[PDB]
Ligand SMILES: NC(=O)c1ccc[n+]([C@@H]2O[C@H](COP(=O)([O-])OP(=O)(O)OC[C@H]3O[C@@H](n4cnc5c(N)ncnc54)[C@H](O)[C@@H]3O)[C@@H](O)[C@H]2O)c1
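Single chain ahead, by itself, as structure tokens, in the form solved without the named molecule.
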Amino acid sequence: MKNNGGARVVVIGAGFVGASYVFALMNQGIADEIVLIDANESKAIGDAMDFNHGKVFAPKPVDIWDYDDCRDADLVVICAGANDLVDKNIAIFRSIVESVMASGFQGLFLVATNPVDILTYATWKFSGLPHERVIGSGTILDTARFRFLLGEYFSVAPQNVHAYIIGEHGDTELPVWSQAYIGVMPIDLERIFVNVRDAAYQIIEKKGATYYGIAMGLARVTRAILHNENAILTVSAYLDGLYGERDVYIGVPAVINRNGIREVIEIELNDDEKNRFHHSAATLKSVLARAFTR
């Protein structure tokens, strides 16, 4: 035919997260075509060159530096945005989505930009799409941070720790202590969790910003989608009347696979319920009413 595609990823925002995300995919031999769009086109051109010159060296993808690219674009990762956030960001977002949609996109959205559970809801409101097709970065890196520290405590391998962080990607997130195992053996640790939650601030203070952490987390959900994993990942899924909530996007165990979210799991919560999670859901449910507008 012409020269095909099949698994294309369009990253809106070639900046630290965008860039480190691409480099992840690239070095992981995850996508076929990888298109980069930034409103500072000189920067996307520049990274696209940089990616292409050592490509020879990895295991094979094609890279390219508008939105007429979100054609048969499988997945769109939206890493753009400001740094009064919420309604600046919803404003920026109001344009990114309107335009990917214009080329009649069929795909999936993966939103990495803080305040994410909020921008993830907005992405859904602005595109049309069933809410199983609009995913949010969520507490994915939070539960990675978590699983790394506990993994270090027991000196086992983080991939044998099974412990979640759910709620809002931020201050209100709570850990799910009652169903945290190491292998199949249930379990200071309240300290560990305080280091999991002030972790951003902590890395930001000594190097100005976070970006490898997440990209890696952004590279896994991509894995789950592009490969139909049916992975249980803790993302920013839309609540259904599942933890008790009816119209919010929050961080929760969801099953991932090629066609977006399959199903949100309800882990059974302590009385760490309509308390930490309700509290959390509530904090957000209201930024959505307080926020929006322009």
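Only residues modelled in both forms are compared. Residue numbers here begin at 1 and follow the sequence given. By rigid core we mean the largest C-alpha set that fits within 1.5 Å across both forms.
Form solved in complex with the named molecule: not shown, discussed below.
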Residue within 4.5 Å of the named molecule in the entry with it bound by heavy atom, from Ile166, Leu75, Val116, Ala122, is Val116
Stretch from 24-32, 241-249, 39-47, 258-266 whose residues place a heavy atom within 4.5 Å of the named molecule in the entry with it bound: 39-47
Within 4.5 Å of the named molecule in the entry with it bound, do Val10, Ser127 and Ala237 each have at least one heavy atom? no
Tell me, yes or no, whether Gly81 is in contact with the named molecule in the entry with it bound, where a contact means a heavy atom of each within 4.5 Å. yes
Does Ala281 reach the named molecule in the entry with it bound if we count a contact as any heavy atom within 4.5 Å? no
For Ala112, is any heavy atom within 4.5 Å of the named molecule in the entry with it bound, or not? yes
Verify the contact flag for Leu141: yes if a non-hydrogen atom of it lies within 4.5 Å of a non-hydrogen atom of the named molecule in the entry with it bound, no if not. yes
Relative to the named molecule in the entry with it bound, which residues of 197-231 have a heavy atom no more than 4.5 Å away? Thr210, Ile214
Core-aligned C-alpha movement of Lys285 between the shown form and the other one, 2 Å or more: no
On a rigid core fit between the shown form and the other one, runs of three or more residues in which every CA shifts by 2 Å or more occupy 272-274
